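Note that we place each Cβ from the backbone using ideal geometry, even for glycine, and neighbour counts take in every protein chain shown. Taken together, the values in this text are just the output of simple stated rules run on the coordinates, not laboratory data.
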Amino acid sequence: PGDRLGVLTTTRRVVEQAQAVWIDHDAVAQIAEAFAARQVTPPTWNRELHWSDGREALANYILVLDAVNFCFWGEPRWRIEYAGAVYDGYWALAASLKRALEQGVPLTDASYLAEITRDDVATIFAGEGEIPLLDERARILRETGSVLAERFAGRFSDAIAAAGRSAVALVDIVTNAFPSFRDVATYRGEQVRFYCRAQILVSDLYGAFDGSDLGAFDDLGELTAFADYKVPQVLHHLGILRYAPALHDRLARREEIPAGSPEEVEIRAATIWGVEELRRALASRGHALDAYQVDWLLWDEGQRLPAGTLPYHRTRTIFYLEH
Ligand SMILES: Nc1nc2c(c(CN[C@H]3C=C[C@H](O)[C@@H]3O)cn2[C@@H]2O[C@H](CO)[C@@H](O)[C@H]2O)c(=O)[nH]1
């Protein structure tokens, strides 16, 4: 199997044992048949709302972007004005960085990031309501800058160069060096490995560089889905993920689910395998996509679900460590 990060191997043990979540392989077959019938294809890379520049500064942009790419929910809803449009969620994040960099804030400079304060980021992300975990995003941007400065001469380009066109080796280099990116958990006393933000970071570089230079990777097939909260919401909507009663009610009542709890780990593990079972079934029906592509394609559908879909699971992302 390969699986040199062990995301598939460890998460497969969760899916086999899982009590609150299961895959409906009949629904997988139906959806594969339909997505393959209209030979569907993923979004390219939405380079309207992503900042653009030279090799060194752009590679740093991607690392910063995915360093604070998490948890956008809470009331009142966090919205952002940018260039005549109002944005929320992940698109509010990317617009907020484009705006800032365009107003001349050096978010690609290690020295600036290492020193960046609560006040700075409060303003970078200012708008309707406030971005969740404002302080934690400040700490992570400081942590990101210091590591860039010390270990990679302020250039994420150096870290990427070291990977040698291996997506899998880059994720390893990232999690080894940047504590914020260490996305693992336990389930019934076993380590489960996810590497959500670390893995998406690799996919974003492939997008931003059109699979050339710093975005060149020979093993993108090895990436898994990026297990957060939108893709499972879509897989449930498509009938591929089923939730048992107590968990279905929590999600419907918009009750927060403690991070690293069995129910939370079950949803993320099932999201990885939900996407993988869909990739295999699409491949069987003559439509070969990589796992990250099926994830990109599903996250895409998540932007336009009908109102009255089961709400996404709400987890206060934790990393309150590195002391
Ligand atoms: N799993 C997953 N997550 C995605 C995305 C995206 C956007 N991906 C773009 C990349 C290529 C296409 O243009 C897609 O629109 C943001 N995010 C955000 O990244 C985090 C990890 O899921 C969450 O905060 C999401 O809101 C995705 O495709 N898959």
| Length gain on complete extension for the stretch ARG55 to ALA177, per 0.36 nm per residue less the alpha carbon to alpha carbon distance? | 41.8 nm
| field | Förster radius 35 Å - calculated FRET efficiency between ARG165 and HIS237, Cβ distance, rounded to 0.05 | value | 0.45
| said: About the Cα centre, and with charges only on the beta carbon of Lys, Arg (+1) and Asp, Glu (-1), how big is the dipole of the chain? Nearest 20 debye, please. | reply: 460
| Once the dipole of segment 31-83 is set up with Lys and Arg at +1 and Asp and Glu at -1 on Cβ about the Cα centre, which of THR41, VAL68, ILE80 lies farthest towards its positive end? | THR41
| task | Could you state the angle between the C-alpha long axis of helix 55-67 and the longest principal axis of the C-alpha atoms of the chain, as a value from 0 to 90 degrees rounded to the nearest 10? | result | 50
| task | Please give the peptides 89-101, 150-162, 195-207 ranked by average Cβ packing (other Cβ atoms within 10 Å per residue), highest first, as a rough proxy for protection. | result | 195-207, 89-101, 150-162
| remark: Rounded to the nearest Å, the spacing of the alpha-carbon centers of segment 1-58 and segment 136-192 is 21
| task | Would you please give the FRET efficiency between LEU134 and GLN30, computed as 1/(1 + (r/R0)^6) with r the Cβ-Cβ distance and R0 = 45 Å, to the nearest 0.05? | result | 0.60
| note | From the Cα centre of segment 206-220 to that of segment 272-323, the distance in Å is 21
| request: Based on other C-beta atoms within 10 Å, arrange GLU256, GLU277, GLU263 from fewest to most. | output: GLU256, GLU263, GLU277
| field | Relative packing of peptides 280-287, 234-241 - highest average C-beta neighbours within 10 Å first | value | 234-241, 280-287
| request: Towards the positive end of the charge dipole of the chain, with charges on Cβ (+1 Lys, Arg; -1 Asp, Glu), say which of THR317, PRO132, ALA27 has the farthest Cα. | output: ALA27
| Modelled label-to-label distance, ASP210 and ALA85, 7 Å Cα→beta-carbon offset: nm? | 2.2
| task | Quantify how much of the Cα-Cα distance distribution of segment 7-304 extends past 37 Å, in percent. | result | 13
| What is the P(r) of segment 1-111, as percent of Cα-Cα pairs per 5 Å bin from 0? | 2, 8, 12, 13, 12, 14, 15, 12, 8, 3, 0
| Considering only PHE156, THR224, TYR112, whose Cα is most displaced toward the positive end of the charge dipole of the chain, charges sitting on Cβ of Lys, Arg (+1) and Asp, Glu (-1)? | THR224
| task | Report the equivalent ellipsoid semi-axes for segment 130-218 in whole Å, largest first, defined as the square roots of five times the eigenvalues of the gyration tensor built from alpha carbon atoms. | result | 22, 19, 13
| request: Could I have the simple spin-label model distance between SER284 and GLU16, label points 7 Å from Cα toward Cβ, reported in nm to one decimal? | output: 2.0
| note | Simple spin-label estimate for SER146/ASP158, 7 Å along Cα→Cβ, in nm, reads 1.7
| note | Across 5 Å bins beginning at 0, the whole-percent shares of Cα-Cα pair distances in segment 164-298 come to 2, 10, 18, 20, 19, 15, 9, 5, 2, 0
